[PDB]
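Remarks on the overall topology
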Amino acid sequence: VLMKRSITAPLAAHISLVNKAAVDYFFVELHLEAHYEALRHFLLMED
Amino acid sequence: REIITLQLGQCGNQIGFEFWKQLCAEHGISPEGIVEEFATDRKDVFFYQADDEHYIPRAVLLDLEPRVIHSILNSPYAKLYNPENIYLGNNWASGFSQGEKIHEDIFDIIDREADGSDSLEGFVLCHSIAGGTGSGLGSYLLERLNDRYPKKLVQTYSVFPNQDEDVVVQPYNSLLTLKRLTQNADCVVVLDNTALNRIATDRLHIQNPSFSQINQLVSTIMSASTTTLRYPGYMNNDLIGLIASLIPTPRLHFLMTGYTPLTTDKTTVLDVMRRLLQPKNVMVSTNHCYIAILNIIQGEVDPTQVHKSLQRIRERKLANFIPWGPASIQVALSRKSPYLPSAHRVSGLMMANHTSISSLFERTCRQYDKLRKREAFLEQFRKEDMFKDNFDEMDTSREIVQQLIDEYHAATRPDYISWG
């Protein structure tokens, strides 16, 4: 219908994929999941 | 912290050798000591960091008239340990008299192993009551550890002689060694021949080779009790802080030891806690109730189930205790060992003080008294005569264990401002 949300449907599929790639780029490359259990490992006495 | 196994008795040396081969299979090590290629974690609780990453186990072998050292000699476990730690009767009094004359060099062995370790905190004993050579020599070693080291721990993983009334000299020896364990040892983990033998006949189809499977059971129990010390958790990994919660009553330091897999060949923590509080899963043999309970769960565990399990266990009144304080059931978590060769990695353990063990102690309080009245089973050995002329040490042991019974029954009461 008349709206600017018909334009976004073949574009938001790439924008959301870029966002998911950013979060996965955090986890599997910068090891963001290991950093939580590393700071835990000294700050709530987990060593 | 770091503890050194002092094995004594025939079954004590058997469970010591079984414990070291169990830890050799458990850790990623060779039977020479060399680190493997599938093995950072801590390997410093029982092993010295020796020469080529040789995790040499720190142990003391004591006996009389050697039997099992030949089986050690023709095995690859004379190449894992023994850089010089192996030292070469049938009654408590003969063992006491034999340990009296050679107390100097065995105390030198204890000093040598204490100097060998890097942080001495306790002396753990892998011992069998009335194993033959263990009786008497073990009690004298306990007296030596109490006199020389009041600042360190004495831990005793031990089996106690119950045959359901076999041998007619073992109640005297076990009662005297039990009095020595009360006055000269700091914590006792109690096990029984009938309980382990009955569970062995239940889970398997054996009755005659009880010793070789009792070695496996005691080794699994000892590895489970030291799993959180050997492999790093972050709760009370020193022995002092771990046994600090385990003993609620300062004279009643005999702990129940259950194990939810009887054979290790899914489940929630609620179901294994309901299993684990039942005495049929416990390898230990009126109003009886616990004083304080603690359990350790290691495996593929979800921690919010440890929450809900603790909630439902204490509220449905299956943790049975009437204390003189607030002393309660405790949850504890452990990490299951990486590179166990064992499958089915969910396993549970309980360390709790129960007054029901007093009834089993009362059987020994019967037996010696019965064998004192018939007077053909004290046997009138001359070593017992030179131990004590009046034979009042056995009456002293009976008095001490009678105080222990009255202290169990007073700990059932909400008052411990009065015991008998």
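Residues numbered from 1 in each chain as written, not as in the entry; some residues may be left out. Chains lettered and ligands numbered in written order. Part of a larger assembly, values for the part shown. Heavy atoms only, no water.

The deposited coordinates for this entry were obtained by cryo-EM, with a reported resolution of 7.8 Å.

1. As for the overall build of chain B
When you go through chain B residue by residue, the secondary structure sums to 15 helices and 11 strands. The C-alpha atoms of chain B give a radius of gyration of 21 Å, which matches the 22 Å a tight globule of 420 residues would have. Seen along its three principal axes, the alpha-carbon backbone of chain B occupies a region of about 60 × 55 × 45 Å. Looking at chain B residue by residue over its 420 residues, the buried ones come to 55%. Approximately 18500 Å² of chain B is accessible, and the part contributed by carbon and sulfur atoms is 51%. Of the charged side chains in chain B, 42 are positive and 51 negative, and the gap between their average positions amounts to 7 Å. (Helix = DSSP H or I, 4+ residues; strand = E, 2+ residues; numbered from the N terminus. Rg over C-alpha atoms; globule rule 2.2 N^0.38 Å. Buried < 20%, exposed > 50% of the residue type's maximum accessible area, 1.4 Å probe, protein only. Areas by Shrake-Rupley, 256 points an atom, 1.4 Å probe, with all protein chains shown as cover. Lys, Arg positive; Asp, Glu negative; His and termini not counted. Charge placed at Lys NZ, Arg CZ, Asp CG, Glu CD.)

2. Section: the overall build of chain A
The number of helices and strands found in chain A is 2 helices and 0 strands. Its C-alpha atoms put chain A at 60 × 20 × 5 Å along the principal axes. With an accessible surface of roughly 4400 Å², chain A has 70% of that area assigned to carbon and sulfur atoms.

3. Observations regarding the pairing of strand β2 (residues 47-50) of chain B
Residue and element names in this part refer to chain B. Direction of pairing for β2 relative to strand β3 (residues 54-57): antiparallel, over a ladder of 4 bridges. Pairing of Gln49 across the sheet is with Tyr55, part of β3. Between the end of β2 and the start of β3, which pair antiparallel, lie 3 residues, with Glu53 showing a positive phi angle near 55°. (Pairing = 2+ DSSP bridges.)

4. Focus: the nonpolar core
Residues and elements named next belong to chain B. Of all hydrophobic cores here, the largest spans 117 residues; its most connected members are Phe46 and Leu145. The leading source of residues in this core is helix α15 (residues 393-412), at 7 residues. Excluding residues that lie within four positions of it along the chain, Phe46 makes contacts with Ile3, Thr5, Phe19, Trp20, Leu23, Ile56, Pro57, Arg58, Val124, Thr226 and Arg230. (Core = buried A, V, L, I, M, F, W, Y, C linked by side-chain atoms within 4.5 Å. Contact = heavy atoms within 4.5 Å.)

5. So, the environment of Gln367 of chain B
Residues and elements named next belong to chain B. Structurally, the position occupied by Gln367 is in helix α13 (residues 357-374). On the accessibility criterion, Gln367 (6% relative accessible area) is buried. For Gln367 and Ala343, which are 24 residues apart along the polypeptide, the C-alpha to C-alpha distance reads 43 Å.

6. Points about unusual backbone geometry
All names here are of chain B. Of note, the phi angle at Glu165 is positive, near 55°, even though the residue is not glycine. With respect to the helices, strands and loops of the structure, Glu165 is situated in the loop between β6 (153-160) and α6 (170-184). A positive phi is found at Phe391, a non-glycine position, where the angle reads about 55°. Take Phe391: it is sitting in the loop between α14 (382-387) and α15. Given the relative accessible area of 13%, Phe391 is considered buried.

7. What about the sheet that holds strand β5 (residues 120-128) of chain B?
All names here are of chain B. Spatially, β4-β1-β5-β6-β7-β8-β11-β9-β10 is the arrangement adopted by the 9 strands of the open sheet, whose pairing is mixed. Strands at the two margins of the open sheet, each flanked by one partner only, are β4 (59-61) and β10 (329-334). Strand-to-strand twist across the sheet, computed as the mean angle between neighbouring axes with direction ignored, equals 20°. Where β5 and β6 come together, 7 bridges link them in parallel fashion. By the bridge assignment for β6, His127 is matched with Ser158. The strands touched by helix α7 (residues 193-203) are β6 and β7 (187-192); relative to β7, the strand with the most contacts, the crossing angle is about 50°. The sheet strands contacting helix α11 (residues 269-276) are β8 (254-259), β9 (290-298), β10 and β11 (347-354), and the helix crosses β9 at an angle near 140°. (Axes fitted to C-alpha atoms, helices over the stretch in contact; angles between N-to-C directions.)

8. Focus: the packing of helix α1 (residues 9-30) of chain A against helix α2 (residues 32-43) of chain A
Residues and elements named next belong to chain A. Here α1 crosses α2 at 60°, and the two axes come no closer than 6 Å. Each of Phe26, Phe27 and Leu30 in α1 lies in contact with α2, whose residues at this interface are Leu32, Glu33, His35 and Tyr36. Residues that form the contact of α1 with α2 fall into these classes: 5 nonpolar, 1 polar and 1 charged. (Nonpolar A, V, L, I, M, F, W, Y, C, P; charged D, E, K, R; others polar.)

9. Here's the deal with the pattern of salt bridges
All names here are of chain B. Taken as a whole and assessed by the stated rule, the structure comprises 20 salt bridges over all chains. Among the salt bridges present, the one from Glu32 reaches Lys79, with a minimum N-O distance of 4.0 Å. Residue classification places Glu32 among the partly exposed positions, given a relative accessible area of 30%. Here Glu393 and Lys179 are joined by a salt bridge, their closest N and O atoms 3.0 Å apart. (Salt bridge = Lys/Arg side-chain N within 4 Å of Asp/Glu carboxyl O.)

10. Observations regarding helix α1 (residues 10-26) of chain B
In a regular helix each residue adds 1.5 Å, so 17 residues correspond to 24 Å; α1 of chain B covers 24 Å between its end C-alpha atoms and thus fits that length. Of all 17 residues in α1 of chain B, 14 are buried, a share of seventy percent or more. (Expected span 1.5 Å × (residues − 1).)

11. Thoughts on the UniProt feature "binding site: GTP" in chain B
All names here are of chain B. Following the UniProt record, one finds the feature "binding site: GTP" at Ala130, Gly131, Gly132, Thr133, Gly134, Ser135 and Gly136. Not counting the four nearest positions on each side in its chain, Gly134 is found in contact with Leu8, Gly9, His127 and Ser128. With respect to the helices and strands, the residue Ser135 is situated in the loop between β5 and α5 (137-148). For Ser135, the residues in contact, after removing those within four places along its chain, are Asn91, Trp92, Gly95, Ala130 and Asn173. There is a polar contact of 2.8 Å between the side chain of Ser135 and the backbone oxygen of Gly132. (UniProt positions renumbered as here; feature names shortened; annotations may be inferred. Polar contact = N/O pair within 3.5 Å; in protein donor to acceptor, adjacent residues only side chain to side chain.)

12. Section: the pairing of β7 of chain B
Residue and element names in this part refer to chain B. Summarising burial for β7: 6 of the 6 residues are buried, a large majority. Side chains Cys187, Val189 and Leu191 project from β7 onto one buried face, and the interleaved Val188, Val190 and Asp192 project onto a second face that is buried too. Pairing geometry for β6 and β7, over 6 bridges, is parallel. Bridging across to β7, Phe160 finds its partner in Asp192.

13. Quick notes on the packing of α11 of chain B against helix α12 (residues 303-315) of chain B
All names here are of chain B. Remark: α11 packs on α12, axes separated minimally by 8 Å, with the N-to-C direction vectors making an angle of 40°. It follows that α11 is oblique to α12 by the angle criterion. As α11 packs across α12, the resulting crossing turns out to be right-handed. Counting all contacts with α11, which are made through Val269, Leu270, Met273 and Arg274, the residues of α12 involved are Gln305, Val306, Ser309, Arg312 and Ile313. The class makeup of the residues in the contact of α11 with α12 is 5 nonpolar, 2 polar and 2 charged. (Parallel < 35°, antiparallel > 145°, perpendicular 65-115°, else oblique. Left-handed = near helix turned anticlockwise from the far one by under 90°.)

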